[PDB]
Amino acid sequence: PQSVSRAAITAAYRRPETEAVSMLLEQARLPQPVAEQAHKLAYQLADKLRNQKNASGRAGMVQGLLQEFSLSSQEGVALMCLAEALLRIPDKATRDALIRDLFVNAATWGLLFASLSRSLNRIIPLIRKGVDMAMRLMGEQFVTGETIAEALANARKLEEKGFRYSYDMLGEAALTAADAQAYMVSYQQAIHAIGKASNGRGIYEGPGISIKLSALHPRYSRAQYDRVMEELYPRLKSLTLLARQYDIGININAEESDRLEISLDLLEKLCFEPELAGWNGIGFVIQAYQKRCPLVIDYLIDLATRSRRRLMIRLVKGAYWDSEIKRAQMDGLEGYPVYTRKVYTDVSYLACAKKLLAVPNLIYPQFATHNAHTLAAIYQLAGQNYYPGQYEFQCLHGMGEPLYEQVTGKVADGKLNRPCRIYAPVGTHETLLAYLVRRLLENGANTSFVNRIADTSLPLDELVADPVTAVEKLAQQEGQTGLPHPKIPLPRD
């Protein structure tokens, strides 16, 4: 028999969406004054973000001409090309007298170097080489260094601005015993390096490491409890003891949903190690896109109480959504372990944030998001009288820095003065594929905030719309609250 909290997690695994969403709504709802302040802040953040270098303003002037002289696009370009040429005439008199007398982003790929389709048909082995090269080219912006020494030697610039770091030695899903052993050695090496760089700064101000359980056990995806405890656990314990010796945070990343249960069993055992008594540097990620998330929080609150520590909890939405949907459709079970509409995940995240903020003695919440509304909502939900150890934000390298440039830093310089920990992937091209693919899915999805904010045609108010209000609007149109995505039927259907 499971504990009361562990049993509740199990029962919520694939809860119908109507039910799960309906239950979250009032926990996610911001009180009117808070909601109004969250909106104003969210709008302001998104406005400064979108309109650094005057993007909307420039797009506006371009429309106004392209509207006036009833011109098309390509005409506008042609007109600008001429205008540029006329402006290169050194003397104004001379100038005035002269006057009066599949392949979507092929453009962006161009700055690097129909008619395209045929061109592709020809050369099609070069595909395998194309894929590897496009991976490196696109993945570079997301990587902080090839080695941990390199990544760490780049830390000062933002750390002196009040940013923090969590380093990730890229690579996951070890296939062989040898692979897992190599990941173990890489993590150990990394902890020594990060710990020496940290130099006693501690789990809050100083850098930490993020690890993947799938890297530390071969074929983790189908591994049984007994072997995981016998082989993976002693490794997890050894790394955590080493992190503690250097007093740095060690965070257990969250991966596929069918590994949630075993990861909790590992965390449970870890928190009761005598050598970790009184130390609060253990971190654990929870994914708000799962129906189980609020139930996992109740479990974690009880675990912190029983094991007498403050847990570092990273609340995220989740990185594996596309694969989770595909997996559930293959398994043919009674439902999905994740929500099927993005706005429901948003609602879940806010309800979960409130739960975490209510227990500051038990949990240090780490709010990972690139979404300006989510950030503004958490900022208001955390209440008056911020203190640094209350919570932090987190962001991925290559995605979060512009938004967080408005957040981390001095109030005098126009910032919110809230700390942000940057997640810093470290590795060579051989380790990059899986992480890169997830970033493509995140950045390229039309439901993603980072995709929607780039679209100067989507009004700011829509971009930062309250998710609870959005869910009620759907419910009034559709006939009940929390209906699944119309294009994502149940697996058995």
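The first residue of the sequence shown is number 1, and the count goes up from there.
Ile124-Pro125 interval: deposited residues absent from the model: In the record, 4 to 9 residues between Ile124 and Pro125 lack coordinates.
Please say, as none, 1 to 3, 4 to 9, or 10 or more, how many residues of the deposited sequence are without coordinates in the interval between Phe113 and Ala114. Missing residues, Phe113 to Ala114: 10 or more.
Look up the CA B-factors in the entry and say which stretch, 366-374 or 237-245, has the higher mean. 237-245 has the higher mean C-alpha B-factor.
Should the higher mean CA B-factor in the entry be assigned to 182-190 or to 87-95? According to the PDB entry, the answer is 87-95.
Based on the PDB record, which member of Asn443, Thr447, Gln44, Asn54 exhibits the highest Cα temperature factor? The record points to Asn54.
Among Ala277, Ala197, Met80, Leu264, which carries the highest Cα B-factor? Going by the entry's C-alpha B-factors, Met80 comes out highest.
Among modelled residues of the same chain, the CA temperature factor third for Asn105: Within its chain, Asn105 is a highest-third residue by C-alpha B-factor, going by the deposited values.
Compare the C-alpha B factor of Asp258 with those of the other modelled residues in its chain, then answer lowest, middle or highest third. Within its chain, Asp258 is a lowest-third residue by C-alpha B-factor, going by the deposited values.
Looking at the entry's B-factor column for C-alpha atoms only, identify whether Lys48 ranks in the lowest, middle or highest third of its chain. It falls in the top third of the chain.
Classify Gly162 as lowest, middle or highest third according to the C-alpha B-factor given in the PDB entry, relative to its own chain. CA B-factor rank for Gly162: middle third.
For the chain shown, is the CA B-factor of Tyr387 in the lowest, middle or highest third of its modelled residues? For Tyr387, the deposited C-alpha B-factor lands in the lowest third.
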